[PDB]
Amino acid sequence: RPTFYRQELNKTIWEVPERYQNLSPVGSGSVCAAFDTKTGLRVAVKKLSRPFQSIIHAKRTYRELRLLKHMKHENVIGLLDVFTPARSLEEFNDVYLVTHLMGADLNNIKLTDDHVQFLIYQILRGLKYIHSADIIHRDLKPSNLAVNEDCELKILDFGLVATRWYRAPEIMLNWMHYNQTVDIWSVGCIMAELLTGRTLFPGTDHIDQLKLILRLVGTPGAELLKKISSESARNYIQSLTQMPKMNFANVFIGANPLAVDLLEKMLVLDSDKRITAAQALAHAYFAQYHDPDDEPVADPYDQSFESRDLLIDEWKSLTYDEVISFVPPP
Ligand SMILES: CC(C)(C)c1cc(NC(=O)Nc2cccc3ccccc23)n(-c2cccc(N)c2)n1
Ligand SMILES: CCCCCCCCO[C@@H]1O[C@H](CO)[C@@H](O)[C@H](O)[C@H]1O
């Protein structure tokens, strides 16, 4: 059990092993950049906010720890360490997560075509991985991407520039059991914005968002209406003045023709029709980066716990177990 030291950093207390030095806020759970003396690398350390205050909090704490413990891929955030200042379960009331620091987010950054190719490539690559484990990200947007000065990119999730602008229309719509494909919609939104420097859909609310969305992709067609269960959704949509799908080549003029082609395949209204991460990787746009033998899938991820209703002390204790059983990577 390492030796700990405590500190105040903007109202919050931090009690971290001595191996981590030069703590310095980055954003607020609270996150701090630090120097990891054991490995020579700058890190990010996230102190979970009130991890066991309710059943919701406690389950969310367990959810993120379990998940981050499973993520082992270059384009997805991983765990360098997890620790608590607690010497037993009774004492356990604080969780800290450690990861490789990256320079900035993609919100902080119009780019060259070679840059978007590499950036979107890596997003699709981590997403292929995440999707193979049956995880949907749900909240992909430029600030959920960490990018370094080498342009190396990791997918993460702060849970805090409006989420809704990147959000798939079906979610704007409280659709039941939507799928992985919601993330590909997000990636197309992101890719567009890197190509143009402009938010593709800067909607002022959920209704505006869809109005802006339909204006580009057009109103749902016969085949898509067949699949709408909701009668009020259906009447409303068919009562709308119909738009045809714009020509993306006219919308994204001067963009690599292959970039435009890919956007057409991502930014489809019917989510069964969207290209997948696996498929997209093989698209001609990523010719200079694609390598089928280095685009790995995840070990299976069991999230059956999601359907369990447990007591705060049961989530806490499960989390405790996951802290204790943690094996640092090489
Ligand atoms: C889907 C995916 C990309 C693997 C993911 C990642 C996260 N959590 C994080 O990215 N957490 C972190 C964000 C920012 C800085 C961190 C620093 C150290 C450890 C985690 C961090 N996720 C997450 C899961 C559950 C709840 C929350 N809030 C976030 N989810
Ligand atoms: C103007 C609003 C149009 C929204 C239509 C979005 C279509 C979403 O696409 C739908 O996704 C569902 C959830 O994954 C699937 O079950 C359906 O098969 C698929 O058609």
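Cβ atoms come from the backbone with ideal geometry, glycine included; neighbour counts cover every protein chain shown. Readers should treat all values here as calculations from the given coordinates under stated rules, not as data from a laboratory.
Determine the calculated [θ] at 222 nm for the chain from helices alone, applying -39500 (n - 2.57) to every DSSP H run no shorter than 4 residues and normalising by the residue count; nearest 500 deg cm²/dmol.
On the way: 10 runs with 107 residues, N = 330.
Helices in the chain give a 222 nm mean residue ellipticity of -9500 deg cm²/dmol.
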For this session: May I ask for the distance between the Cα centers of region 282-305 and region 190-250, given as a whole number of Å?
Result: 29
Seminar exercise, completed: The long-range amide H neighbours of residue 76, using H built 1.01 Å from N in the peptide plane and a cut-off of under 5 Å, are 155
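Please report 52, 252, 158 as a ranked list, fewest other C-beta atoms within 10 angstrom at the top and most at the bottom.
On the way: 52 22, 252 19, 158 15.
Going from sparsest to densest Cβ surroundings: 158, 252, 52.
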Exercise. In whole Å, what is the distance between the alpha-carbon centres of region 82-123 and region 10-51?
Worked result: 12
Problem set entry | Protection proxy ranking, peptides 296-307, 34-45, average beta carbon neighbours within 10 Å, highest first | 34-45, 296-307
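Rounded to the nearest 5, what % of the DSSP beta bridges within the chain are antiparallel ones?
Percentage antiparallel, nearest 5: 95.
Does region 130-260 come out rounded, prolate or oblate, given a ≥ b ≥ c as the square roots of the eigenvalues of its C-alpha gyration tensor, rounded meaning a/c under 1.5 and, failing that, prolate meaning a/b above b/c?
Numbers: a/c = 1.98, a/b = 1.35, b/c = 1.47.
Oblate.
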For this session: Could you work out how far apart the two model spin labels at residue 226 and residue 325 are, taking each label as a point 7 Å from the Cα in the direction of the beta carbon, and quote it in nm?
Result: 4.6
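To the nearest 0.05, how large is the calculated FRET efficiency for residue 282 and residue 7 if R₀ is 35 Å and r is the Cβ-Cβ distance? Mind dumping the intermediate values first?
On the way: r = 49 Å, r/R0 = 1.40.
In this case the efficiency is close to 0.10.
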Seminar exercise, completed: For region 35-42, Karplus-derived ³J(HN,Hα) couplings (6.51, -1.76, 1.60; θ = phi - 60°; whole Hz; x for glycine and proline) come out as 9, 8, 5, 6, 10, x, 10, 6
Exercise. Hey, can you rank 122-133, 87-98, 258-269 by average C-beta count inside 10 Å, highest first?
Worked result: 122-133, 258-269, 87-98
